[PDB]
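Below, read A as the first sequence line, B as the second, and so on, with proteins coming before strands; counting in each chain starts at 1. All values below were derived from every heavy atom in this structure, side-chain atoms included, with hydrogens, water molecules and symmetry-related copies excluded. Counting starts at 1 for both ligands and their atoms, in listed order.
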Amino acid sequence: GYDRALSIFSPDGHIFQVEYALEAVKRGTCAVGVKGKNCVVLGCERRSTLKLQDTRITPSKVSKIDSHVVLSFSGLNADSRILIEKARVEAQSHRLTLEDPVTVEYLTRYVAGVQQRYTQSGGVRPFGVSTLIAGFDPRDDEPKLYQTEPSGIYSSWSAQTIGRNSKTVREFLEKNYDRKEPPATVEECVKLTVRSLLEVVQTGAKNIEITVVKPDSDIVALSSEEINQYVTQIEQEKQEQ
Amino acid sequence: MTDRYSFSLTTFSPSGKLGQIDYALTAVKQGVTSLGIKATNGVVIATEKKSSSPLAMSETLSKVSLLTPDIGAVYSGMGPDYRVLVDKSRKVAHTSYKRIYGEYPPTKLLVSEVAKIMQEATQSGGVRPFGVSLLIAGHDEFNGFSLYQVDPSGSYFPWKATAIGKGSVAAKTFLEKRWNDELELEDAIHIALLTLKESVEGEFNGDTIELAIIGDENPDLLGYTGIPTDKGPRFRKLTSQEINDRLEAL
Amino acid sequence: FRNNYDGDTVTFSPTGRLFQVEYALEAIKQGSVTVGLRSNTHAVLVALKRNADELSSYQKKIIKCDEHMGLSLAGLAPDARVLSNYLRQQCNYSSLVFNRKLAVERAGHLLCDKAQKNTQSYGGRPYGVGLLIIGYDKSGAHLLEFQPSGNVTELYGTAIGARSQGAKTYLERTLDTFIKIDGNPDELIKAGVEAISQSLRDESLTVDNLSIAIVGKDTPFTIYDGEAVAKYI
Amino acid sequence: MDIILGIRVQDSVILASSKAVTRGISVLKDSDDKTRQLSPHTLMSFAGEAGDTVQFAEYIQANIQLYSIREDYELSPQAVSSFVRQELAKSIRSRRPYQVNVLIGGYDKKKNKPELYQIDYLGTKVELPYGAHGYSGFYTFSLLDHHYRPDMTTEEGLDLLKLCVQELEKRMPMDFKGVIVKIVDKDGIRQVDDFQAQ
Amino acid sequence: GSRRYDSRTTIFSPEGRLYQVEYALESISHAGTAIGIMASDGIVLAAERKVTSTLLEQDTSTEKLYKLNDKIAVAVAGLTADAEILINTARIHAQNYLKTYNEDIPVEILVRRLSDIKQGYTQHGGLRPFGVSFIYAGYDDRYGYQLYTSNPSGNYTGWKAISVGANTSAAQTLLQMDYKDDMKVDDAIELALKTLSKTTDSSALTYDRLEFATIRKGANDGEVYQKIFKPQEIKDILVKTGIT
Amino acid sequence: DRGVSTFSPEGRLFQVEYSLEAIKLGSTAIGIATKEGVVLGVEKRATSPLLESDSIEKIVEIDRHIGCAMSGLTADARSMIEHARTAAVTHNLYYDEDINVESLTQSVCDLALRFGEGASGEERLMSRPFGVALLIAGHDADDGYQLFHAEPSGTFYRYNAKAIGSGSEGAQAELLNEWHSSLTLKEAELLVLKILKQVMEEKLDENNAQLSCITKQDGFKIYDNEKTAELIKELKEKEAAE
Amino acid sequence: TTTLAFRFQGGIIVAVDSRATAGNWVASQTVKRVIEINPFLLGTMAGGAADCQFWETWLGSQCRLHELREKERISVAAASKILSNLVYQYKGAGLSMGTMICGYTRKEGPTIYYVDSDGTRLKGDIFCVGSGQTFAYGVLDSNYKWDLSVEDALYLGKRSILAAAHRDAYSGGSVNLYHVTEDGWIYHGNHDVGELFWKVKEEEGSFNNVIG
Amino acid sequence: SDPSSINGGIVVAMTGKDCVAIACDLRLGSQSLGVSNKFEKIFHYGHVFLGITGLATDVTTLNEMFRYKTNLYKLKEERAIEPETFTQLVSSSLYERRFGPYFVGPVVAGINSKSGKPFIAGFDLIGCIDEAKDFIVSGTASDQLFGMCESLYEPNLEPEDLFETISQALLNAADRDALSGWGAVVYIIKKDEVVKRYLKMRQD
Ligand SMILES: [Mg+2]
Ligand SMILES: [Mg+2]
Ligand SMILES: [Mg+2]
C-alpha cells in the first residue's frame, strides 16, 4: 500500500535520494578493479572501524555471481546482498532459458536495471551501492569489468575504483595504467592493484583482499600471505629509490 | 477514500525513543491502580472500580476479565482499548490453541499472544499503540501459577507481585515488604486488599473494588457433571459480599 | 495563505475555492486559441496551431472522435489525448451496443463526470486542457465548451486559449449572422477564420498555422490541415 | 516407459538409462541422455511423461546450481534428494502433476560413501543398493537380488548392469536402443563410453 | 491528504545514512549489554538484564537469551517485543529448511535470512525498523562454532568475541585485550563475566541481573548441547570466577 | 510536503518542468533530417579517461527503420527503449508491416505523464517523470524521413533538425541557420559533426562523439569509429578554407 | 502431411508437402508448411495449422527482440527453447504441434530441434513429422550420408516427400524445398507432385508398379 | 487407484501394565513389486510415537510435518508434547485437509510423563480419533490384525509379555496380507526406557 514518491525531482533537476545514495557509497570501503590482457583483478579494503572478526565466515566483499562472473561493491552491505541475490537468480534463469551463461555486460545491465527501477518506483529508496562486476564471457578470453551506480548507470572500465578515497586512487590509476601494455600478467596486474590500494589503506597487510579472475571459471582469492609477499616487494620499488 | 496510512505512526526520535510508546505509558500512569499478587496456591488480581457517576451501574463494567477458564486479566489505562484486547485475547486462545491442541493455552503463551497484538500496534501502518498495561494471572498443568505484566510496547515480564497505574510506585513498595514465598491465597487476598486501600481515595468496599483469583478448581461453576478430566475453571471473581467478609478481618 | 490550500485538489480554500482546479484552468489560458461556431446545419472548429522553433511542426489541435463528433484542444495536449480517447470509446460503445450515435449533450455530460472525479480525490490532479466539441446528431448541430472543472456548456460559438476573448467578442457580435449560414459550409468556416483572426497579434494565420474542422448534415467530421486551408486566409 | 537403473557399488553409483525417444509409431532419436548433473558429485536420471521429464530435471539442476553458488558449497546427496522429493510431493495434488520418476546417484564427499536414491512421481523416496523405475525392476531385480554384493568394484557393477541389460533386451518387448551408463564417484561424474559390447 | 503525516522512515540523510536505522542503533545502546565469546570447544553468551526489581520472577524469565534451534541461540539487545517477532520467524525458517533438506540449517543461512528481513524494513514499506541487535551463537558441520551479529540496518558480521547494547566500545576493548585464539570455554565464561562486571552501569554484578548460556560439544556424547543457565547456576559460576 | 502531480500557479506540472532541467545537464545529441536519411549524433562525454568509450550507448536501434538518441538521465531511457522496441515488434506481429514513426513516438510519449501517487483517473505507477529526452528518427512509407523530439511532458514535435542536451540553445541556433530542404546525407553528417564540435567542452574526435543515420535502403546503422574519423578529418579540411 | 529436415555438410535441408485435409476432404493442395521465422531460421508446420502458424510467427518476434536487446544473432538452441517453453505453459489445454526449428549459426553449426505440443525438445540430425513420416524416413535413412552435395541433398529431401505423397493419402499437392546456410536459407522451389511423380518415375525407374 | 492400497503396510499399538507397544512391518511396494524392506512406519517426537500406514509419500510428508510442529511446540512451550496433546494435533492437522486428505492411518502410542498412564490412539484419514484402552490397528491388514488382537489380547500384560503378544498379532496378520511383511519392528515403551526389536519373518 505504501507508494509515496521518495525519489522525485527537486527544482534544479536533481533526485536527492539517488544523490544521497552515492554519498553512502562514498563512505564504504574502497573497491578497485583493473584488467590485464587475460585477467581482471578486484581489490577491496577491509572496514577497520572494529576488529576481532572471524575471517572464515564474515560475508566476503567479492561475490561469485556465477562460476565466471564476480561482483564487488562499496556502500551499504545489506543492500549489496539484495542485488547480489537477484543477480545470482537471473544468472541461473539465463542458463535455463538461453542454454548459455550470462555475458558480463548482460549481468551488469541486469543489476543496473534493478538499481534504476528503485529510483522511479513508489515506496522504495535507491540502493546505496555501486558495484564492480568482472569476469569473462563464455568461450571468450577478453577480460571484462563494468561499474554500476545507484542511478542505474553502468559502463566498462580498464580500471576503476569506487568507495571512500576512490577519487584519490582513481588518480593513481589514471597515470599508472597504460592501455598499450595493460598488466600483461596476473602478477603485474595484482601489483598495480595493490599499489593503488596502498596509496589509501595506510600500511596494512590483512587490510587488503585481492581476488583474481581468469578465463573459463577460474576464480581464486589470494591468501593473506600471498598478498603480503606483494606489499613487501612493493615497499622495495619505493625504498630502493 | 481508503486507509492510505500505510506508514508507521510510531517512529524512532533522535534519542532512540519511541514517542508513541512513551506517551501510551503515560496514559497508563494516569489510570486507576491495579495489582496482582502470586501466592503458593493461587493468584489474586485486583483493581478499583472508578465509577464515573453514581447513576451508572458499576456491575455492568467488568475490569477483571476471564480470558480462559484458568486465566484472568486486569488493567490500568484506557478502558476501551482493554475491552478490545480482551475480545482478541479470548479469540486467539481459541484460534491459535484450543482449535489445534484441544486444550486452552498456558498463561505465558496466551500472554505472548496478547503481547504480539500490542507490538504490532507499535509498528504496523496507521495505528497508535494501545494505552493499557495488563496484569494477566493464570494457571496451567505444567507451569503452575503465574502473573505477568504486558506493556504498550509489547514487552511482558513475570512477577511475584506488582502494581500498575496511579500509585504503582508506592504499591510496588508495600508489596515488596509484605511478599514472601510461603503465602496462602487468603493471605495474598489480604495483602491485596491492604495495598489497594492506600491507592483508593474514597469508599472502600465490595461495590467499589473488583478482585478475582486463580486458584483451586471450582466444580460448582462448570455447569455439567460426567466428564472427569475437566474439573472446572480455576478463575473466580469474588462477589461483593466475599470482599466485605475479608475487609472486616483487616 | 496559499501553499496551505493549493497542494491538492482535495482541499477547499476558506472562500470555497479549489486552487488546483483554478491552476489547471490557467494552462488552458496559455494555450493557442481555437474557435468553435455553428449554424443550423454545420459546426466548425478553427484553430491556430503553435510551433516551438521555426524548424518544427505545428502541434495538432483537432481530434476526430467518431464520424459525427470531434473537438479542438487548448492546454496540456497529453490530457486532450486522454479525454478524446475516452470520447472515442464512449462513442464506439453507443454504436456497438445500441447501434446509436452518441448525442453531443451526452458526450458533454460524460466529459464533465470524468473531469469531476479528478477534482474530489486526493493524489489526483485536474485535467489541464480545454476542449471545444462540435458534432451533428439527431437534434442537429452542436458546439460545447468543456473546462477542467467539469463545467460543460452548449454554445452557438466560442473560443478558448490565449487572447480567446477577442474572437469571443466577434462571435458574440456576428451571432445573428453566422447562426443563419445554413447550407453553406465555406461561409461558416470563413466566419470562424474571421473570428479566430481577431485573437491574433504575433503573426498572420498562414498555411502551416491554421487548422479547421467541420461537421454537419451531409458532412462527416473532417479535418482540413495546411494544404487545404489556403482558400480561407 | 524408458529404462532407468542404478546400482550403488562400494565406491561409486552407476546409472544406466535407455537411449530411445519414441513418439507414437516412430523412434525419433536413438542417442538420448536421460540424465542431468545436479552438482559435480550428484547425478539424476529420469523417466516419465514427455515434456515434464526434462522440464522437471532442468528445474532441479537450476535450483541446485543456485544453492551451490549462494553458499559456495555442494549439498549432500541426501539433501539434494530430500529437496527433489519435496518438489515431486508438491505436484501430486497440483493442477497438473509432473509425472516424472528419478534416480539420484551421488557421492557424499563428507561421509565418503556413494548413495542412490529412488523417488517416484508421487514423492516416494527410498535409499537403496540398486533400483529402477517402471517395469525395469520386474526383469532385473531377480538378477540384482542374486548377484549383488556391497563390496563390488566398479567393474563388477558394470558387469552386473550388463547382465541386467541383456535380460531386458531378451524379454522386454520394446527396443530401448541400449543404455548410456554414467559413474558417480569421488572424482565426479564420467560417462562410460564402453557398454555396447564390453 | 495523508502525505502530511508520513515520517518517511526509509529515506537517506544528506550524508547517505539511514535516519531511522541510526536512531534505532541509539535506542539499542541503552539496553543491557550482551556478550558472546567463541572458544575452540564452545560458545558463551552472557547478558545483563534491564529494568529489574526484587519482585521480578527471575526463574520463569527470558528477555535476553532465546533458543532458535537446538544448535542456535541469540542474545538480544533492544526492544524485547520486536525481537520476539523476528525470533519467531527465525524459528520457522530453521524448521522450513529442516523439512526441505533433512539437515539442520547452517548458522549463516539463518543469520542472513533474518538480516534480510531487517534490511527490507530499511528500503521499502514505510514502517519503522526493528530496534534490535542480535548476537547469534551456533554450531554446524561446515564451520563449527560461530558467532554473528546483526543490527537494525540488516548488516551482519562474524566474530570471535563481540558485544551489543550499552558500552560496546568499552567491552570490545576489554575483550580484544584478554582474548586468545586458543581459549577454552571455562576460560571464555570468566572473560564474558569479567567484561560485564567492568562495564555495568550498576553497583555490582549480581546473579539476579544476568542471563547466561553456553553451547558446548561435551566430549562424552556427540550432539551439541545448548545450556541456558538457571538462576542458581549463574550464582554458582559467578563465585568460582571471583566476583562474589 | 507537496504532491508529485500538483500544478504550479502558472499551470505547469512541477515535476515535468524540473524534469526538463535535468535534461539540460546531459550530453548533447543532434539529429538532422534530409531526403536521403536522418542523422543522429551524440556527445559521449566520459567522466574519466579509463572509461572504455564504446560502452557508452546513447544512440540505440528501436527497429530496422527507427533509431533514437538520448540526453539526460540516460538510465531512465532503458525502460523507454524496451517499450519502443516491444511496440514496434508487436505492431509487426499484429499487422505484418512496419510501425509508422509517429505511432512509435506517440506510444513512447503515452508513458510520460503515467506517474503519480494514486492519481485518480487510471493506474499510473512511476514515482516521477522520466529525466531524459529522446530524439527518435526513422522512415516509413507515408511520411518519409522523420525526426521527433519526445519530452517527459508527453508532448513530441516533428523537427527538420534538433539538438537537445547541454549545448542545445547554442546548437539549435546553428541548426536554424545551416538547415535547408536540400541537404545531402554527407552534408548532414558534416553539420552534426561541426555543431557537436562547437558546443562540446572536449575536442571532438572519433572516440568521444558518435554518428548514426537511418535510410530507407539500409535502415538504422550506428557508424563505427573508422567511418566517423574519416568524416571528422573531412571536416577539419572543409573548415580550414574560409 | 509430411515434413522433414536433415543436417549435412552444406547446411540443412528442409522439405515439406503442402496438403491439408478435413476428414477425407482435401481442403488445400497449396498449404505453406514452412514458416519463415526470419531470414535465418525455419520451422515446419505439423499438427494444428493455426497453432504452428501463430506460435512460430510469434517466435519470429521474440527472436527479433532478442537481437535488438543483445546485438547478437539468436542461437537455434535459444530460439527453439522459447517456443518449447511457451508450448509447455499451455500443456494440457490442447495445442497440437510437431515442428522442426532449423538454423545454422556460427556458434552451433547447422542445428535442428524437434519441438512438439507435449513439450518435448530434441536436437537431432534427421526428423520427419506428420502422417507421412514413416514413408519419408525409409528413403532418408537408406540414402543419407553426411557428405552429400547440396544438389543431391536437395534431391534426397524432395524424393522423400514424394515417397510419402504417393503412399500417404494425407500428403501430396507439391513439395517445398529449402536449404539453410549460415548466411540464411535459400528456397529451392515449389514442385507439383503430379508432375514430379512422372518425371522421377521415368528418370529413376522407380514406382514400377504404377502404370504410365 | 485406491491410495491406501498402493504401497502396503500395517501398524498396531497395544497398552499394557505401565507400558505401550507399537509395531509395524517394513515393506514398501508398488502394487505387486516389493520395493524396499527397510521402510519403517513408526516415528517419535520425544517420547511420543506415531506410526503411519497408507500412501508412502504422505507418510513421509506427515512425519516431516509433525517433526516441524513438535519442534516449534517444544521451543514455545519449553517442554515436550504429550501423547494426549499430540493426538489432538494430529487430528486437527488431518481435518485441515478434509476435502483433499492425506491417505494415511496414523496411530499414536506413548506414556504421559506427568501421570504415567499408557496411551494409544488411532485416526481415520480425516482426523476422527479412536482412543481405545486396548489396541489400535491400521493398514492393509487391518481386518486380520483386528482378528488377531481381539483373540490374543488380554489387559495389563508386562512389557516382556506384551512384546510377544503384539509381535504375534502383527506377524500373523502380515502373513495373510500380500502387501505387508518383508520385515517387522516392535517398540516396547516404558516410562523410562523404550526397547526396539526387529523380528525374523518370511520374506515373500
Ligand atoms: Mg484397512
Ligand atoms: Mg505378507
Ligand atoms: Mg512374495
Suppose we screen for side-chain contact (heavy atoms from CB on, under 4.5 Å). Which residues come up paired with H:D58, at least two apart in sequence or across chains? D:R93, H:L55, H:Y102, H:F103, H:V104

Kindly list each side-chain donor-acceptor pair under 3.5 angstrom involving residues 121-132 of chain D, sequence neighbours excluded, with atom names and distances?
| residue | atom | partner | partner atom | Å |
| --- | --- | --- | --- | --- |
| D:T124 | OG1 | D:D120 | OD1 | 2.8 |
| D:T124 | OG1 | D:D120 | OD2 | 3.2 |
| D:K125 | NZ | D:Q78 | OE1 | 3.3 |
| D:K125 | NZ | D:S81 | OG | 3.3 |
| D:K125 | NZ | D:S82 | OG | 3.4 |
| D:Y130 | OH | D:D145 | OD1 | 2.9 |

Answer with yes or no after comparing the ring centroid distance for H:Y187 and H:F49 against a 6.0 Å cut-off, counting only values under it. yes

Which atoms of the protein, restricted to N, O or S, are nearer than 2.8 Å to the Mg ion (ligand 2)? H:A174 O, H:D177 O, H:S180 O

What I want to check is whether the side chains of H:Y198 and H:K196 have a donor and an acceptor closer together than 3.5 Å. yes

H:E154: salt bridge (charged side-chain N to carboxylate O under 4.0 Å, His left out) partners, not counting sequence neighbours: none

Does H:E84 pair with H:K117 as a salt bridge, N-O distance under 4.0 Å? yes

Metal proximity, H:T140 vs the Mg ion (ligand 1), N/O/S cut-off 2.8 Å: no

